[PDB]
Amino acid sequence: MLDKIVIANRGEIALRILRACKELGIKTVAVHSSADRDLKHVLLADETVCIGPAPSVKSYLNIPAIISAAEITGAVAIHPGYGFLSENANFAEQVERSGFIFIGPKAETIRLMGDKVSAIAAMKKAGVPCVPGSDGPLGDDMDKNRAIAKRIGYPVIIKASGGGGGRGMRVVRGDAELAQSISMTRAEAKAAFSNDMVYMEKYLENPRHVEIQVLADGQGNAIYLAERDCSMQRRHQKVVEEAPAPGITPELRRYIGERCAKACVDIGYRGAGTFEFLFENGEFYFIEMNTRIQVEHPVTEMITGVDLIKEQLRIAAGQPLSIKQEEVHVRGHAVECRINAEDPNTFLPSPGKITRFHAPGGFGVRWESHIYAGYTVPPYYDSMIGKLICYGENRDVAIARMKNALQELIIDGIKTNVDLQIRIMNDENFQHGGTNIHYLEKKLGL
């Protein structure tokens, strides 16, 4: 087992990783900004290193500082969590060059998945279903671009190759808007990523977001751990996630899961990963792969019994997966509600000091959060302050328990989205299940 690791993150996920480390007897190094000295995981960590001031550029994105913390403490590995540097291939490369273990895939694999065009080519080659598209980057020949659009059939969508998470895309419904849509997407990608490559896909009108969890070890084993529906979104940001996805049969699960595991073998994948699909009219279409552990991982843990963070750590140590595919069984149902410190009218972050706090408890109730009474939510980081996950023997019980747990949750002193989450749990269409990626914004009239 790894002797000591740097937790290169903050907030709830840093605490999540710390718990897993403690269970495995792994010593912890909590690197933190000057604004995060009183983070719960920092207070629980074996060693702490202040890596810079509050702004993330000088702390959680500061590659030299993080690697230096690993060096000075005698750590052997770095867990990047999610966000920050977790999808930064150059960071992974530098970590390995510096002689530490990066808890994730090989840097080349991170780079492959960060290039959406290259990622799609790889998945298509491996037999994973993808969205009908350009199968390559678009050039500047608008005669050619119109021909590609005609072959796919309007409506289409232009996407940045160096992008992700539904950001910076534009839908095109006819030739008259194609040139400008391509140009603008290109320009925005260049300004954001210094990478102006774009591609084209068929635009699906009302898909659901269904993603497959995988794990692959360095012994050649690769397994899938069912799926999650993450269709409840605002501005492409997930709000509620659940597992399994309503309406997905064991046969469909097996079909798509096997193709994802096969792809992992083909590309030499290692660690946790997520294959994101659009699901419409009973069909899956791959859009992108995330190589990190994700925010919504706990719903998969609840329904499979597999501790995904511990598996990440085992894999990085050179241990084989603790479970085989035939030992993975979907049991029950889990829902996750993200808890955000946000204004209910503007949806802007709402930082400040928590004056009273009380967490829900009970059978099937799992609360993932670093917050506590008297804790100050800083303005410098993401609005998500916790995650409430409820498990039941079926979907209805999971929803019932979430309703009850949301009512017990007290977070005073700052504005949160608890009341919105209560509204979503009471939504008749959510209760029926299978709502699409546009539903929440439609409900809210946004």
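In this text, residue numbers run from 1 along the sequence as written. For the two forms, the rigid core is made up of the largest set of C-alpha atoms that agree within 1.5 Å on superposition.
- Comparing 179-187 with 345-353 by root mean square Cα distance to the shown form in 8 other deposited structures of this protein, with the rigid core used for the fit, gives 179-187 as the more displaced stretch.
- Larger root-mean-square CA separation from the shown form, computed after a rigid core fit of the structures in 8 other deposited structures of this protein, is seen for 140-148 when 209-217 is set against 140-148.
- In every other compared PDB entry of this protein that covers both flanking sides, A126 is modelled, so it falls short of the one-third threshold for missing coordinates.
- Coordinates for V330 are present in every one of the other compared entries of this protein that model residues on both sides of it, well short of the third needed to count it as often missing.
- The question of which stretch, 345-353 or 206-214, has the higher mean Cα B factor is settled in favour of 345-353.
- Averaged over CA atoms, B-factors in the entry run higher in 323-331 than in the other of 323-331 and 365-373.
- When the C-alpha B-factors of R338, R228, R170, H79 are ranked from the entry, the top spot goes to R170.
- Residue-level temperature factors show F284 in the middle third of its chain, judged at the C-alpha atom.
- Ranked by C-alpha B-factor against the other modelled residues of its chain, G392 falls in the middle third.
- For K262, the recorded CA temperature factor ranks within the middle third of the chain's modelled residues.
- When the modelled residues of the chain are ordered by C-alpha B-factor, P378 sits in the highest third.
- In the PDB entry, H32 places in the lowest third of its chain by CA B-factor.
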